[PDB]
4 protein chains.
Amino acid sequence: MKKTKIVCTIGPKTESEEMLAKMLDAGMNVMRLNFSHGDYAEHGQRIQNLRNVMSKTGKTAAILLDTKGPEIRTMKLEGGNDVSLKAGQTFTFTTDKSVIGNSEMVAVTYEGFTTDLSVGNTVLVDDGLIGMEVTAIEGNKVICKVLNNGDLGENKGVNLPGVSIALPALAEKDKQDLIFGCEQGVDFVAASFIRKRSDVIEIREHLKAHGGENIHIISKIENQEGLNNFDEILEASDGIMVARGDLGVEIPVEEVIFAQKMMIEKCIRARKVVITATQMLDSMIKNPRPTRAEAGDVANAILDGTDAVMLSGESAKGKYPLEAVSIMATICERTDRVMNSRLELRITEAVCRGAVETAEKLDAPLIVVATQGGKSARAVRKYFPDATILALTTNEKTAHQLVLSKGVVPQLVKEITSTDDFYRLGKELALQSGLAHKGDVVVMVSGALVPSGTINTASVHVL
Amino acid sequence: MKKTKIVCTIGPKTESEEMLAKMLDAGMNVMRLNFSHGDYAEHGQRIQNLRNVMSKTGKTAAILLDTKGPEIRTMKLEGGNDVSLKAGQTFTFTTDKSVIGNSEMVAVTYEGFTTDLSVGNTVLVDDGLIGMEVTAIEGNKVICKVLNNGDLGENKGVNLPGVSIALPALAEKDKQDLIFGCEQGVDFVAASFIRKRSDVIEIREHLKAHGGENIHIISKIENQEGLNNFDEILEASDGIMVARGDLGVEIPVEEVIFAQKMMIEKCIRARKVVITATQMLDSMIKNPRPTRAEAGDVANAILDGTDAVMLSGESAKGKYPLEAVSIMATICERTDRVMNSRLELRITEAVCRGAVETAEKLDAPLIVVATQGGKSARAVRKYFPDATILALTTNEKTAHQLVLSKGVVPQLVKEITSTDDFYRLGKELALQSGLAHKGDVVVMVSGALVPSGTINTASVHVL
Amino acid sequence: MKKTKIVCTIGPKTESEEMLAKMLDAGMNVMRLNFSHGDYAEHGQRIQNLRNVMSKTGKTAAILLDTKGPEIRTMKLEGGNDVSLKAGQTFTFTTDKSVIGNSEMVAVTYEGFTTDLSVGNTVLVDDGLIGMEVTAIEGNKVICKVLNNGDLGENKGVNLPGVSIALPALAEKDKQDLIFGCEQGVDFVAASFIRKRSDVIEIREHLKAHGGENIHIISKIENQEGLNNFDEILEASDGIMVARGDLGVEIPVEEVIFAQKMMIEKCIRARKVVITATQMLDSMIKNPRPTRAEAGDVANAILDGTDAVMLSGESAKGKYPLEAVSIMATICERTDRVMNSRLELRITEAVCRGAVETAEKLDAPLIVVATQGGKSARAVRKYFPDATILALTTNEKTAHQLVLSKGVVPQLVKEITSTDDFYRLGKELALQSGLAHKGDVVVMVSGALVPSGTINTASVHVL
Amino acid sequence: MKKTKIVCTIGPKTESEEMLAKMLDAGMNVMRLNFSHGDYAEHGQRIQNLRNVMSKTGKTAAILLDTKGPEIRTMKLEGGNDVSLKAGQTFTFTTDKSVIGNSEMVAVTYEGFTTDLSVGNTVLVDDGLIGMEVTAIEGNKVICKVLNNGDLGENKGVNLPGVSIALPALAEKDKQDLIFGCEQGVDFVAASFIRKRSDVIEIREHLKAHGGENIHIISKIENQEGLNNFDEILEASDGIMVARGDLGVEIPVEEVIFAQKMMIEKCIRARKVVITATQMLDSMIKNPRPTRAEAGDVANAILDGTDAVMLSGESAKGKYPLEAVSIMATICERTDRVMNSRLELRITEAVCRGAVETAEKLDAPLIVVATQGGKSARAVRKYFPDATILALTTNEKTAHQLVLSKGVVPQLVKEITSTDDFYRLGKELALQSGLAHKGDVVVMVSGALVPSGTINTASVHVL
């Protein structure tokens, strides 16, 4: 079966226990809650429904909370009517939130709009529909030249390519949503619009103050500043979400593919999970089959080395959610099938790399790893083993979180008290899992006489 | 500058000499004539305009004739009105060309429709818009069950996934178009819907009977039968066009990416040019910028190893042809920039592989190759050299055809009569080309005391 | 310190406890008792003296009993006077032991002399001093033509190059000497003139009949038949002694070097100990320093990969025994210093090869191995690790025997009852041994949940 | 056939044309004239006889003149009688040449004996037979303590281990012998006791002053100072002779093997010929077969990579000269047979390394090299090609000198005027040589459009 993991955004058409059970059957591994919409009762019910399905079926899934994040948006227009902007005309943005807009001026929600912009910068409105060039800044106004014809509606997103925007790391709504995440015991938080290390630290401190210190932070990289600061963002985060659609509006289009490839590569080296998201199978919101191009896009992200792929509207509100998951899983299995190990100085990396190499040389279908916080399992996954990884842990949070790592099957166990006990138990559970059978070789990895989080032992057993 | 070559379909908005000159400036290397449309005067004028621009500017380009090919199409409907087909209804195709269609039956243009199909086969209509399952075949009728709702218009294409269709290799119109190609001295013919070796042989014999034995045949692989017979098709052809859009309708969608990757890989090994085509930058027919996904699709085809990428409607009839070529070239240069050589038993391969390796070890910016029919230049290109390839030939047809090979700069010369003369002339032309300068190392490859088409000499010179 | 081990033949000048202690100080690892001479009281006293020194100093050494073996020798001559044989003359050997020899005929000790020889065979007398060609065999006579001038003395050795000699595997005296060796608890038996597998088996069955089932048999390869049957001899033996001087008389002289190299390499591959012996430092029987040629010969044997080197007359009866051992150790250390690991499918070899590689990648000075019969320690030594091997065993005989393996330090312990206990103890003993210090990395190898003799675990610890 | 070349010292028993022809038949490649003995008429006659044999048989050989060199020797003793010196006694050397020696004092031939020695230095007499330690130096006396018992004869050699001796590079007799060598057109001069760069330069300037600028200088490395200065000596020389016997007296005995190995490896890297000499087959001066130890020593020198091996007394004055040469050739062929190429930034090394690799990948039995001074042929030999090297040259001296390089067959030709002419001629000569046959692949190496001594072309041809 596939190794790549599937994140599904859950919404009205997929929130019932019946639908969720069918989603898991088709290959869903992680439920994404998009807090751009819905209230707390709605999201809490979805969590309840999934956990009901999990306990009834004994299947394991993880829950990811995806924040709305801070934004720059235009505001209202006279009579609520769209206005037609003409290439070459003058157009003005104002930070005065009380102003109602027309064909010459509109208000924006961000007070720092005048401060952060410079003459010559580009202002993009409505997912890049309309481009403008700043010609002057005076008082609370940014005067611009419209670069292309377009119709401006109300409440449209604004992008400032290449600008360092002094928006807070968290909207006030985001802060309450994170408390809800701690209350609900979510496994991951995907933090929107991460631009710098200090953004991640604030989210870390906020989660810690509400008992969520074990919740993993997935930073969403969406603009050039986040790209420039990627190394420090990754270091402070537990993982990364590559938001291709936002990057497509924020950086030169020919760069987006290499931003994805390099971010995936760096996450792999850092033993941190990476999700490829947005613009995956969007056409399946309306159609029962994806496009050739969409299928290729998904497969190339897997070949790039992503841990997981994500469905958005096509699983949350679209008309063919089950078809989308199913064809996603089919693409995953077809692509995982043809990938090879990557066997390219620390004790943990020496032992994990050697264990994968030993497994391949002995045709081992399974690597068994003892792990407390999941690091051990991710250190083996780094080398793209042909073998499946059976991760044994006493930590429920770790067991849920490892559901997102490529090719990892987590298993919650009663604590193992010695290295020999780990070999005895792992052999039994290897057989019980159906992932290996009598006579198969399995490689077992653990830490002996060391603090948690260090791997220093590799062991080969016949079942 | 980029190494990947760009094929541009030329049409009304790009056929003037002024536009063509701007197309070349932006990165166009090969003009495609799509004989699905236009008459002979129209295509002949485009050839004349390009050759005018070539002689005036001294720039080199190639001309590719892309055949319409044989087809299966539905026919007319009552009153010319679309009809609404309902999932589950019975629907019948008839080979009786005299029948006017309605919501229950329509005629098809192919007499063998009844012969080639079987109960259980899938019939796709209008680029897969409507799917049907054959339930019975009687006389001149194929009775089907409609699988999904759809509106059937007139004269729509029909696809039969996984069926071996006994259509001729060439439509009658194709045969006359090939004579026109010989009359005009085109450099390539892209042959539509190639399914088996004998299809290529017929085209070869037809071209030979009209003085076109030196025209290279690019076989378009569009369905499962062509995939199954790919090895023999490639062997008989001079190159391959990967028609992704057609494959998307003809084979399981998760397979299309690997059909592309494997066909490119095999062409590379066979020293035969490969073009990746269709569904590249289609959105630019209407928009001045492509989508993030389109840009990624193009770049991944380059990383796969394609020689060339192709523009269709976006350069022929679209509103932003120059923008499309320019961003295509930008993607090409950005992607070529980060690719590495591939240095993985015949004398020619031993010498060409060694020459590339020597060039890389000595930081040679240029490999100079003496070639008669172009094979030598393509044998060096096989290893993806960092260095540019300067191909010297007395053969005008070869000089034009090498314009399509990745990273090859062709140069027509007066015949060289000895190996030492080749070193003297190549050094001078190396400097004149501006591709290398005084003090640079260049590696020079040629055949000494051997029949044309064998490479057995490698030589290193300082300019 | 050196890794190559030194076998010293002990005699009158080196048998006292005082001399033995200084021999160990200078680098002696194994005492060889040459049972060609000395009676049981003398050899028993030497064994007692070594064990006294071992108990007093806490040093570990092994005891090797070297059998005389079967021989063919000429007999006596008239008046005990030498005779001069002439090239081309007729000379006859007779199996009649009652015959007194002269310049025309002499007796030999072996009844099968007539049976095993053929017309055309070469008969060599006195370490090849005199060659003869069989011209006829009649009754108890072998008639020969003398091939070269020489002086024949009494009681000279006879060699039959390329002939299969049907001598018994054991002389009658050898059988009693082996029983004495079992009584005394020797660690190795070196069996002279091993020609075939059955010779090794016969010695094994004799030892088993007198409680010597754990004594390792080192087969001495001395002639062409042993070379021809080497693979089966090695398989049946525990180790090999390369007797270069004897081979130099039995096979073409240009082949001896490659016979030594081939045999050493095969022993390494089989994880079986090999000794290089004879014509090592013979000149030091009379001189206090060896020859340039001798020193080079020894060093090249070490570079070939021998486990051990052996002193014969120069440590047993010569005038400079301590100088011989000391310069030998100097050669060993000087040559071992510049040798590298050899890292090249069984579980044991996969784990042991990986453990050596891990040790080298982490600059581990020490590999700790748990072993019962020594196989595990010898499996690590196979890869010529930079690190010293500390072999922990509960088996006293194994501890002695491992003294002969290159780069192994054995240590007798109280049995370890678990894998974690093995790591705790090995770390302590690593520090106690002085072979590693606080902060050093050590790699520990053992078998977990497997029968003795299987290695399936590798573990990395910081001291 | 062997690739390693054989230098034979010619003397009374091997000087006739008849013997020389049989010496060449048996494997001799180079004649060494040891000018320690013989007068000019004798050496001139030997040169004449070899050239007669060469012209009659068409075989190619080289002539090497080996200088006596400077020495320190003791002088005469009272009554010409040996004296016995006692360990611990006082013994004095005096530079007063008029003094007649006895058991307490003897004269030496070198005035600088007092200057170059220091209190604590070791004085060795008679190939290290007797060691003495300087205790004081006063006037023309070196007072020593005898370190070991020994018998002092007259006119014995003196060695000063680790001392820089200020002897002139050339004895007065050496200067005349070198002029004679220039007059006679010898191909090599072997310069004895080279200690430093300036010694090589002095010999060079003498040869240049008498028309010997093309004679190659082989520096004999014989003591520690030469070892210390080896890199600069090699740089200044054309080749090296490793004098193992002399080094065995001057440096620690365990170091001699690695001094030989290091020096051979460095010569290979520098593309300069190396000879292994002294203590090769000395026992064959009296015996018709060598010792096991001698044969092994020679073979290990070949495996180390020496170009040539040298016979001294055993071919010049011994009783079995032809047997010595023959068994030497047998050892050479037996050892060369099992050696492999060594394929490891200049243009010459890139092209030559690639040519060897191409030859091996294509099973080419022959590499043809165009060379003026021999550098090109020696640059190919550096990689130990399986193929034989056919070196085409117009230079008679180069043709002779290349006889000493491993695996090179030189061939004198009429000048080639182009690269294509070189391929035509080399193919013909490849076939004429019997080293390759119809259908074989040959690789041809030369310089095109470059000054002599640059190699920049590699070419592959089928015969």
Side-chain angles (χ1 to χ4, degrees), chain A residues 87-88 131 147-149 253-254, chain B residues 1-66 177 180-181 183-188 190 275 277 280-290 294 298 308-333 396-397 399-404 408-412 433-434:
Chain A
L147 302 171
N148 61 292
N149 293 341
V253 67
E254 70 276 15
Chain B
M1 72 167 293
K2 68 181 176 66
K3 289 191 172 90
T4 298
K5 306 297 182 64
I6 297 177
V7 180
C8 293
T9 304
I10 293 304
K13 279 197 170 187
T14 45
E15 59 184 7
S16 69
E17 288 183 51
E18 187 184 15
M19 286 298 307
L20 287 172
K22 295 185 173 145
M23 298 279 284
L24 299 173
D25 281 347
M28 174 179 79
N29 304 114
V30 180
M31 168 168 78
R32 165 174 179 261
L33 300 171
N34 181 1
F35 268 69
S36 294
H37 314 108
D39 60 17
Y40 290 132
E42 184 177 323
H43 291 296
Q45 193 59 74
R46 293 165 185 168
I47 294 169
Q48 188 60 46
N49 289 359
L50 182 61
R51 287 169 172 171
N52 289 353
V53 171
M54 283 172 64
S55 63
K56 274 162 197 158
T57 66
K59 295 180 182 297
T60 308
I63 297 173
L64 174 145
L65 192 164
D66 190 338
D177 292 347
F180 177 84
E183 294 170 348
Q184 291 288 323
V186 302
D187 306 303
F188 299 95
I275 307 173
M280 300 291 270
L281 303 178
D282 281 327
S283 76
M284 295 195 68
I285 292 164
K286 293 181 173 192
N287 305 326
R289 312 171 175 276
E294 286 168 333
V298 171
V309 292
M310 186 175 104
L311 297 177
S312 296
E314 56 271 53
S315 57
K317 60 178 178 176
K319 193 183 170 175
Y320 303 104
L322 287 173
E323 292 76 9
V325 181
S326 293
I327 190 57
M328 182 65 101
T330 293
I331 293 166
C332 284
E333 193 283 334
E396 287 185 338
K397 182 72 74 182
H400 295 330
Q401 289 168 338
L402 284 173
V403 170
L404 187 67
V408 176
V409 174
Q411 171 81 285
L412 195 72
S433 74

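Chain letters run A, B, ... following the sequence lines, proteins first and then strands; every chain starts at 1. Every heavy atom of this structure was used, including side-chain atoms; hydrogens, water molecules and symmetry mates were not.
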Contacts of type side chain to side chain contact (heavy atoms under 4.5 Å, CB included), residue B:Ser326, not counting sequence neighbours: B:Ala26
Closest heavy-atom pair and its distance - B:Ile63, B:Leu50: CG1-CD2, 3.8 Å
B:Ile285 CD1 to B:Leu311 CG distance, which is reported to the nearest 0.5 Å: 10.0 Å
Side chains of B:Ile327 and B:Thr330 in contact at under 4.5 Å (non-hydrogen atoms): yes
Working for side-chain contact (heavy atoms from CB on, under 4.5 Å), residues B:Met328 and B:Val298: CA-CA 8 Å; B:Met328 182 65 101; B:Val298 171; 3.5 Å; yes
Distance-minimising heavy-atom pair for B:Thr4 and B:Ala308: CG2-CA, 4.1 Å
Any residue meeting side chain to side chain contact (heavy atoms under 4.5 Å, CB included) with B:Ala329, in chain and number order, not counting sequence neighbours: B:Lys2, B:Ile6
Set of residues satisfying side chain to side chain contact (heavy atoms under 4.5 Å, CB included) with respect to B:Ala399, sequence neighbours excluded: B:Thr393, B:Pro410, B:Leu412
Closest heavy-atom pair and its distance - B:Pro321, B:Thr14: CB-CG2, 3.4 Å
Close side-chain approach of B:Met31 and B:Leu64, heavy atoms under 4.5 Å: no
Between B:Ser283 and B:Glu294, a side-chain donor and acceptor under 3.5 Å: yes
Salt bridge (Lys or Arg N to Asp or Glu O under 4.0 Å) partners of B:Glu15, counting only residues at least two apart: B:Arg46
Minimum-distance pair of heavy atoms, taken over all atoms of B:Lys13 and B:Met19: O-CG, 3.5 Å
Any pair counted as salt bridge (charged side-chain N to carboxylate O under 4.0 Å, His left out), so long as it reaches residues 17-38 of chain B, sequence neighbours left out: B:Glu17-B:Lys56, B:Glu18-B:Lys22, B:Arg32-B:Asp66
Partner set under ring pair (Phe, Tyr, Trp, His ring centres under 6.0 Å) for B:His43, not counting sequence neighbours: B:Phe35
Partner residues of B:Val409 under the side chain to side chain contact (heavy atoms under 4.5 Å, CB included) criterion, sequence neighbours left out: B:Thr388, B:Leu390, B:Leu435
Minimal non-hydrogen separation, B:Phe180 against B:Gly44, with atom names: CZ-N, 3.8 Å
side-chain contact (heavy atoms from CB on, under 4.5 Å) partner of B:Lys397, the single match among B:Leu402, B:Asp187, B:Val186: B:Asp187
Exam field: side chain B:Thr9 to backbone B:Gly313, donor-acceptor pair closer than 3.5 Å: no
With B:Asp177 via salt bridge (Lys or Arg N to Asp or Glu O under 4.0 Å) - residues at least two apart: B:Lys173
Residues forming a side-chain hydrogen bond (donor to acceptor under 3.5 Å, both in side chains) with B:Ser16, sequence neighbours excluded: none
Check: B:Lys59 side chain, B:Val53 main-chain N or O, donor-acceptor pair, under 3.5 Å: no
Spatial distance of atom OG1 (B:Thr60) from atom CD (B:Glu396) [nearest 0.5 Å]: 10.5 Å
Nearest heavy atoms of A:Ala87 and A:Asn148, plus distance in Å: CB-CA, 3.8 Å
Between CD1 on residue B:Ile10 and CG on residue B:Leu20, distance to nearest 0.5 Å: 5.0 Å
side-chain hydrogen bond (donor to acceptor under 3.5 Å, both in side chains) against B:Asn34, all qualifying residues, sequence neighbours excluded: B:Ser36
Validation row: B:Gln411, B:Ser433 side chains within 4.5 angstrom (heavy atoms): no
Qualifying residues under salt bridge (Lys or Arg N to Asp or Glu O under 4.0 Å), relative to B:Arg289, sequence neighbours excluded: none
side-chain hydrogen bond (donor to acceptor under 3.5 Å, both in side chains) contacts touching residues 309-322 of chain B (sequence neighbours left out): none
